[PDB]
Protein chains: 2
Amino acid sequence: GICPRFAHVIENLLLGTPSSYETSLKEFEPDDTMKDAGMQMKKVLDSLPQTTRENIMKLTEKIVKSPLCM
Amino acid sequence: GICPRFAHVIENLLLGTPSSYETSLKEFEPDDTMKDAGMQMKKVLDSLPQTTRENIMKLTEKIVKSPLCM
């Protein structure tokens, strides 16, 4: 159950840059309060190692593409 | 919209307790590295103030509800 625009956002959160991510945000027209919150989130997740983030990517893939999501 | 099994992970990761959340990851039988990264995510997320979290939750919610997705 890959909604692509959503997968775009999630891939930027984990692997992108803060800018890349703020940019995914805007076609959804998030609120002032929603957009601060998303960036606060980006801040803490980027404090993890890049292999870490990556594996989280791998875990995510594993769920949206699992039998149970088809 | 969103695969319900996966909306159930998003919810324990922003709003549950760590054990709710690890349980929810084990039901997919993630390998250990995958799982440990999963756990590292909840660890760092748990430094956010509950309305930040609530705000990430609404944002997720608007995205999947968009005409862009669903």
# chains A, B, ... in the order shown; residues from 1 in each chain; ligands from 1
call {"tool": "closest_atom_pairs", "arguments": {"of": "chain A", "to": "chain B", "cutoff": "7 Å", "atoms": "only C-alpha atoms", "output": "tab-separated table"}}
result
residue	atom	partner	partner_atom	distance
A:1	CA	B:3	CA	5.7
A:3	CA	B:69	CA	5.5
A:5	CA	B:69	CA	6.7
A:6	CA	B:63	CA	7.0
A:28	CA	B:63	CA	6.1
A:30	CA	B:59	CA	6.8
A:34	CA	B:55	CA	5.6
A:37	CA	B:52	CA	5.2
A:38	CA	B:56	CA	6.0
A:44	CA	B:44	CA	6.1
A:45	CA	B:41	CA	6.8
A:52	CA	B:37	CA	5.7
A:55	CA	B:34	CA	5.6
A:56	CA	B:37	CA	5.8
A:59	CA	B:34	CA	5.6
A:63	CA	B:6	CA	6.7
A:64	CA	B:6	CA	6.9
A:69	CA	B:3	CA	5.4
call {"tool": "write_last_selection", "arguments": {"atoms": "C-alpha atoms", "output": "short mmCIF file (atom, residue, chain, number, x, y, z; two decimals), in the first residue's frame"}}
result
data_model
loop_
_atom_site.label_atom_id
_atom_site.label_comp_id
_atom_site.auth_asym_id
_atom_site.auth_seq_id
_atom_site.Cartn_x
_atom_site.Cartn_y
_atom_site.Cartn_z
CA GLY A 1 0.00 0.00 0.00
CA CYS A 3 0.69 5.91 -1.67
CA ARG A 5 3.42 11.07 -2.43
CA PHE A 6 3.58 9.63 1.06
CA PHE A 28 0.11 18.75 1.58
CA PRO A 30 0.69 21.45 6.50
CA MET A 34 2.33 20.76 11.87
CA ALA A 37 6.51 19.50 14.60
CA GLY A 38 7.72 17.51 11.36
CA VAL A 44 15.95 13.92 16.19
CA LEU A 45 16.00 11.18 13.47
CA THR A 52 20.54 3.34 11.21
CA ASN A 55 17.66 0.12 8.11
CA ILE A 56 14.50 1.97 9.17
CA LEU A 59 12.08 -1.93 7.85
CA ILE A 63 5.79 -3.43 5.98
CA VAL A 64 4.09 -1.40 3.20
CA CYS A 69 -0.48 -4.66 3.19
#
call {"tool": "calpha_fit_rmsd", "arguments": {"fixed": "chain A", "moving": "chain B"}}
result
0.6 Å
call {"tool": "select_by_dssp", "arguments": {"residues": "chain B", "states": "alpha helix (DSSP H)", "output": "number ranges by chain"}}
result
B: 4-15, 18-26, 32-45, 50-65
call {"tool": "atom_distance", "arguments": {"atom1": "atom CA of residue A:20", "atom2": "atom CA of residue B:10"}}
result
21.6 Å
call {"tool": "atom_distance", "arguments": {"atom1": "atom CA of residue A:19", "atom2": "atom CA of residue B:7"}}
result
25.7 Å
call {"tool": "atom_distance", "arguments": {"atom1": "atom CA of residue B:61", "atom2": "atom CA of residue A:22"}}
result
16.9 Å
